[PDB]
Amino acid sequence: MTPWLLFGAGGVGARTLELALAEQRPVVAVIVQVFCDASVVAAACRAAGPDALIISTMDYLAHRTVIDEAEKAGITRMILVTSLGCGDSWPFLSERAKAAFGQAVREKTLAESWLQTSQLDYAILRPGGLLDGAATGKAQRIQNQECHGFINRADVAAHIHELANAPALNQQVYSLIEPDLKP
């Protein structure tokens, strides 16, 4: 059982904490061993062990610290959860969404590029609108495609888990929606 080090697990991160607990997996969290503050972040990277998987579900500053402290501390694998609208999915966000979430999606886009130019084995997850229903199992990982939709926080957790069990993350970026789920 590989350690998970969670950031922003107070949401998707909390649901991810649950799966880990329901599995008896050792978990470190910055908020199970609970610890932007480089001292805190450096500390937690030591506790997790260099074999930990980082799972981030958290602005730009917090992420860069995490990415940077991960690499100093010998961790080599990270799952970053941002949002549809980030990076190259930006042109598919409606003008109305840009005006409402723009600042947030833009900071998280900074985080993506930092991680994409790091040496971590990474996966990036771009969930649609987050709903708080119980996990269906119906959410899809989508690449190279225009997506619009919602997804339960618990399904993002389930996809995080599936990615975690993979032999490598492979620097992949995915949209995560459940087509046909309505809020």
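Quick note on numbering: the sequence shown equals residues 1 to 10, 13 to 33, 47 to 50, 55 to 77, 82 to 206 in the authors' numbering. No residue lacks a Cβ here, since even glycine has one placed at the ideal position from N, Cα and C.
Query	Result
Can the beta-carbon of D144 be found closer than 7 Å to that of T99?	yes
When burial is assigned at 16 or more other CB atoms within 10 Å of the CB, is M101 buried or exposed?	buried
Taking the straight line between their C-alpha atoms, what separation do you get for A177 and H184?	11 Å
Using beta-carbon positions only, say whether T76 and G8 come within less than 7 Å of one another.	yes
Mind pulling the alpha helix (DSSP H) runs of 4 or more residues that sit fully within the region 110-156?	118-139
For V179, does the count of other Cβ atoms within 10 angstroms reach 16, so buried, or fall short, so exposed?	buried
DSSP state of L192, grouped into three classes?	coil
Taking DSSP as the reference, what is the three-state secondary structure of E25?	coil
Decide if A31 is buried, meaning its Cβ has at least 16 other Cβ atoms within 10 Å, or exposed.	buried
What do you get for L23, buried or exposed, if any count of 16 or more other CB atoms within 10 angstroms of its CB means buried?	exposed
Take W137 and list the residues in its own chain whose beta-carbon comes closer than 6 Å to its own, dropping the five residues that flank it on each side.	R87, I90
Based on the DSSP secondary-structure assignment, which residues constitute the bridge partners of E201?	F173
Measure from the C-beta of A9 to each C-beta in chain C and report whether the shortest distance is under 7 Å.	Any reference to chain C falls outside this structure, which holds one protein chain only.
Three-state secondary structure (DSSP) at residue 217?	Since the first and last residues shown for the chain are 1 and 206, residue 217 lies out of range.
Is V89 helix, strand or coil by DSSP?	helix
For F7, list the residues DSSP reports as bridge partners.	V32, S75
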